[PDB]
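Residue numbering for the sequence shown follows the entry's author numbering, beginning at 32 and increasing consecutively.
Read through the structure below, which is laid out as C-alpha cells, and then see the notes.
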Amino acid sequence: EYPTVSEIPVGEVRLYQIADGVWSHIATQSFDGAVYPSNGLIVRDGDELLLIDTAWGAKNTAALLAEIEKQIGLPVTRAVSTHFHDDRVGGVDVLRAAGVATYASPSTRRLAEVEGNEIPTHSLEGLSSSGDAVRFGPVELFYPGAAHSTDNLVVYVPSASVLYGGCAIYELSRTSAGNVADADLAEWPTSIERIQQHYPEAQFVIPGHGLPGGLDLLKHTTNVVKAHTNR
Ligand SMILES: NCCOc1ccc(-c2cn(-c3cccc(C(=O)O)c3C(=O)O)nn2)cc1
Ligand SMILES: [Zn+2]
Ligand SMILES: [Zn+2]
Numbered sequence: 032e033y034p035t036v037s038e039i040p041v042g043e044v045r046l047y048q049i050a051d052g053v054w055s056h057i058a059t060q061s062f063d064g065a066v067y068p069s070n071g072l073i074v075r076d077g078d079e080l081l082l083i084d085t086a087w088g089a090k091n092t093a094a095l096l097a098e099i100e101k102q103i104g105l106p107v108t109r110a111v112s113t114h115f116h117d118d119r120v121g122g123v124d125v126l127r128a129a130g131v132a133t134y135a136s137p138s139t140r141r142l143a144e145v146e147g148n149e150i151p152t153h154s155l156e157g158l159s160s161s162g163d164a165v166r167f168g169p170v171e172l173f174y175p176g177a178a179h180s181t182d183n184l185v186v187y188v189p190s191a192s193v194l195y196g197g198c199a200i201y202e203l204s205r206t207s208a209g210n211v212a213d214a215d216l217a218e219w220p221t222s223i224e225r226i227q228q229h230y231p232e233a234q235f236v237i238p239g240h241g242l243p244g245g246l247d248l249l250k251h252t253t254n255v256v257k258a259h260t261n262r
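Here's what the structure looks like:
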C-alpha cells in the first residue's frame, strides 16, 4: 500500500514503485508545529534516473539519494524542481553536491532567489507563457499557468501514464486550502482545467502531498480552491 504520513520519521524516505521504472519518493517534514507528507517522482531514463523534486530539505534529500542507490542502484543524473518552495528545492545544494545537474524554469529560479531558497543551476526555457510544454528525458513538463504558485510546473510520464501535479494538486484527504501564500487563487481552477485537457490519459495522479489518486484529485482540488476563494 502507498505510505501514509505517520509511518515516516522526519528523515526516513520511502520509495514507492508506481510502474516499471517509475517510483515516487515520500518524505516528511515539520511545519506549523505539525508533520506533513511530501511526494516527488523518480523516473528511470535508460541507464540513469531523473529525479522530480527534492525530498524537502538537505537532510531528507541526502537520505533520498541513499534509498535510490540502496534500492535501485542507478545514478540520479538530472533533477527538476517543479516550483520554488522548500518542499521542491530544499536540498538542491545536496543534489548538485552529488553531481546531479539541477534544473528549474527561469520563473522558479528567480522566485527562489528572491525567496532565499536554493537555486537550481540550469534553466528550463520554453515554459514561460501558460500552456507551455517541453520534453525532458522520459517525461513531459507542463506550465499550466499560475496556481499553487505562479511558477508551478507539472510532470507527465507517458510510459506508465503517471501525472505528477505536485503542489498544484491536493490529495483527497485534504479538504481545505492550506498554504496559499504564493497562490493565484483566481487562475488556479483554470490553470488546472488545462492539466485536465492536456493529460486526460493519466491513470495515476500524484499530488505534492498525500495519497495518489486518479484525475478526480483535480476536480477535488478545484473544489477546495473555490471553497477557499469564497472565504
Ligand atoms: N519568509 C517568508 C516565508 O516564505 C516561505 C514560503 C513557502 C514555504 C513552504 C511551504 N511549504 C509547504 C508545506 C506544507 C504544505 C505545502 C503545500 O503544498 O500545500 C507547502 C507548499 O509547497 O506550499 N514548503 N515550503 C516556506 C517559506
Ligand atoms: Zn509549494
Ligand atoms: Zn507543497
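All C-beta atoms in this analysis are idealised placements derived from N, C-alpha and C, irrespective of residue type, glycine included.
Considering residue i, what are the terminal residues of the beta strand (DSSP E) in which it resides?
i          : result
residue 56 : 53-62
residue 69 : 65-76
residue 40 : Per DSSP, residue 40 belongs to no beta strand (DSSP E) and is neither H nor E.
Let me check understanding here. Comparing Cα to Cα, which of the options lies closest to residue i?
i           : options               : result
residue 232 : 206, 217, 187 and 218 : 187
residue 109 : 145, 36, 190 and 155  : 155
residue 32  : 99, 163, 48 and 44    : 48
residue 220 : 242, 258 and 60       : 258
residue 161 : 150, 140 and 185      : 185
Would residue i and residue j qualify as a contact pair, given that the criterion is a beta-carbon distance under 7 Å?
i           : j           : result
residue 174 : residue 158 : yes
residue 192 : residue 234 : yes
residue 88  : residue 121 : yes
residue 80  : residue 96  : no
residue 183 : residue 199 : yes
residue 55  : residue 237 : yes
residue 58  : residue 36  : no
What does the Cβ neighbour count give for residue i, buried or exposed, with the cut at 16 atoms within 10 Å?
i           : result
residue 115 : buried
residue 113 : buried
residue 51  : exposed
residue 178 : buried
residue 143 : buried
residue 86  : buried
Please list the terminal residues of the continuous alpha helix (DSSP H) segment that includes residue i.
i           : result
residue 258 : 247-260
Any 3 or more C-beta pairs closer than 8 Å across the stretch 63-80 and the stretch 167-176: yes
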